Amino acid sequence: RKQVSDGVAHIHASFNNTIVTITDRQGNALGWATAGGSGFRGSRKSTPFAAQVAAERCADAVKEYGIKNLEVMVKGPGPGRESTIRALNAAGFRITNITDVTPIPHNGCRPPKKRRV
RNA sequence: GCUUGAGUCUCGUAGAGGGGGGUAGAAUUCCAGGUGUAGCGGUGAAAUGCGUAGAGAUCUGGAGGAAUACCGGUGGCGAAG
Ligand SMILES: [Mg+2]
Ligand SMILES: [Mg+2]
Ligand SMILES: [Mg+2]
């Protein structure tokens with residue numbers, strides 16, 4: 001076991017799902033939870049409520065580490081991004097800093113074709 | 001014969017105009033390794049499909065190909081494309 005001050009939490013917010021993972025600052029995984037794993041299937045999985053419950057599940061799953069003064073980084077355009085940080089605060093974790101990062105390609109390569117619906 | 005059309009010379013200016021050779025950084029994919037463990041992905045709603053031979057997530061290194069966020073315009077160049 002270990003007690004980690006200044007651990008890093010990763011938020012990946014797809015349109016269809018949300019993933020929460022806790023790693024040491026060098027990216028070594030400590031614990032992870034998910035909306036789909038929270039007892040959700042299909043369209044329910046994109047709701048911000050699902051993200052909140054997923055964040056609580058992640059926090060509880062990793063309690064055995066003495067994690068304090070958390071840092072949170074968020075990626076993706078999906079919904080419920082803010083809800084996860086609210087959850088980690090509510091879980092009791094102390095949050096020092098918060099950052100956004102999402103890959104931009106600088107016109108790298110071709111995306112799929114437009115959707116006629 | 002003439003200098004008003006047309007052309008030559010001297011000095012400057014702007015430009016994604018054209019051909020050849022180098023080089024840069026962001027990103028998708030693949031491969032190796034560490035962390036790690038059971039879902040991911042998708043949709044109107046699903047299923048097909050992918051993962052315990054270790055996926056997805058996250059971190060380190062390597063390979064290859066193609067296009068050049070922002071500036072950027074209500075802009076410029078070209079006989080047209
Ligand atoms: Mg050129
Ligand atoms: Mg492998
Ligand atoms: Mg013109």
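Readers should treat all values here as calculations from the given coordinates under stated rules, not as data from a laboratory. Counting neighbours? That spans all protein chains shown, and the Cβs are built from the backbone with ideal geometry, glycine included.
Considering chain A as a Gaussian network with a 10 Å cut-off on Cα pairs, which listed residue, A:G66, A:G76, A:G36, attains the greatest mean-square fluctuation? Result: A:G66 has the largest fluctuation of those listed. Normalised by 2.2 N^0.38 Å, where N is the number of residues, the C-alpha radius of gyration of chain A stands at 1.14. For the options A:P77, A:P105, A:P48, a Gaussian network treatment of chain A with springs between C-alpha atoms closer than 10 Å singles out A:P105 as fluctuating the most. Compared with the direct C-alpha span, the chain from A:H106 to A:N69 gains 9.9 nm at full extension, assuming 0.36 nm per residue. Counted by Cβ distance under 11 Å from A:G39, the other residues give a net charge of +4, where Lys and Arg count +1 and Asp and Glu count -1.
Dipole of chain A computed with +1 at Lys/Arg Cβ and -1 at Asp/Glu Cβ about the Cα centre; of A:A87, A:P103, A:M73, farthest Cα towards the positive end is A:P103.
Partners of A:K63 within straight-line reach, counting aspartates and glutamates whose Cα lies under 19 Å from its Cα and excluding those fewer than 8 residues away in the same chain: A:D6, A:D24, A:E71.
Model label points for A:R86 and A:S5, set 7 angstrom from Cα along the Cα-to-Cβ axis, are 3.1 nm apart. Using Cβ point charges alone (K and R +1, D and E -1), the dipole size of chain A about the Cα centre works out to roughly 680 debye. GNM on chain A, alpha-carbon springs under 10 angstrom: the most fluctuating residue among A:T21, A:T34, A:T99 is A:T99.
Restricting region A:13-47 to chymotrypsin sites (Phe, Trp or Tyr not before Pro) that sit in a DSSP loop and have at most 15 other Cβ atoms within 10 Å of their own Cβ leaves A:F15. Looking at chain A alone, DSSP beta bridges between its own residues are antiparallel in about 50 percent of cases.
So which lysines can A:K68 reach, going by Cα to Cα under 19 Å and dropping same-chain residues fewer than 8 places off? In chain and number order, the partners are A:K2. Of the residues A:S43, A:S5, A:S14, the one with the fewest other Cβ atoms within 10 Å heads the list, and the complete ranking is A:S43, A:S5, A:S14.
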